[PDB]
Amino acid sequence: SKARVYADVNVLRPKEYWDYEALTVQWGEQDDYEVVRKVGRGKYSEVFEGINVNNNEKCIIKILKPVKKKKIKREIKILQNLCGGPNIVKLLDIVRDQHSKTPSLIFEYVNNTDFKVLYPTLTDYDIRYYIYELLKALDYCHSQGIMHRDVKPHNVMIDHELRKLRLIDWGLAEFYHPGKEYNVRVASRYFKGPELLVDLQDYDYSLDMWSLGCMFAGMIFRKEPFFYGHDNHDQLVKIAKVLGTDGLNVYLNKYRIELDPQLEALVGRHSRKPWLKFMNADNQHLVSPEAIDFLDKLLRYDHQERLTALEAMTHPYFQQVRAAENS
């Protein structure tokens, strides 16, 4: 299996573009930035709203937790490669934390509102608008030979007041190389694509499109997460109970994959559940035929069948968003 688009991006670019291990970091001064207040926390880093004490400019300080040098050179390299792209967080500086010596990444500030509080207030148009902005970021990174691999609401910062969106946390992102087998333990469980759950390791940019679909499904149906599995095996079960097992069988046969005995049993046999069956009084204001058609073209077992970010942006669902830009 190989990407249907941007497959040769890294082939045509100099080795130094994608050879992140050769990266030698040029450090800045830690004392230039000061923690104002903590805003985020993860098992891979802590995030603080900060201030540049040289000019009173706001910024975000992401202090990484001790992890392999290679993993961090990869994130820095990808951030540097993508800097400037539409709606991608911009890395401004890299410093060593006062006490632990761990690299601290300095970013442009963003006045985010957790999605659990923000999403409930988004209107039909708001969702089209923000998803469109997110697609701009995905098509961009894919066009630059990079897979995000951890697309989810938690990694999408939105300043609702300014209607500004930024795709963050590239700590799991990787360079796409045709035929390369990647680790399936990427993304968050609820946003993992079928390929990661059945062990199809030669996946590509399309993985991000499935994750986007999960995120979108949660937004229009007000059901988050949309596929709520209790573990990786159950995650596939939850997906199969919606998309149906008939489609899963075709998919597995195409890629000559055979599920191990336990998972095959857990998955069982399920008829497909029409997207409209998810519409209720809580999400009716957001479920439209165009939204469903778009969602349907993202959530496909076969990664090769999914819309590419570029194709997704042209779907009629976003026609007003495009027209507003073109005027």
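Sequential numbering from 1, following the sequence displayed.
Taking only CA atoms, the mean B-factor in the PDB entry is higher for 231-239 than for the other of 231-239 and 209-217. 121-129 and 243-251 differ in mean CA B-factor, and the higher of the two is recorded for 243-251. The top Cα temperature factor in the record, among 299, 51, 291, 266, falls on 51. Within the selection 174, 159, 108, 150, the deposited Cα B-factor values reach their highest point at 108. Residue 324 sits in the highest third of its chain by CA B factor, as recorded in the PDB entry.
Annotation for residue 308: C-alpha temperature factor in the lowest third relative to the rest of the modelled chain, per the entry.
For residue 80, the recorded CA temperature factor ranks within the middle third of the chain's modelled residues.
The PDB entry assigns residue 86 a C-alpha temperature factor belonging to the middle third of its chain's modelled residues. Compared with the other modelled residues of the chain, the Cα B-factor recorded for residue 103 ranks in the highest third.
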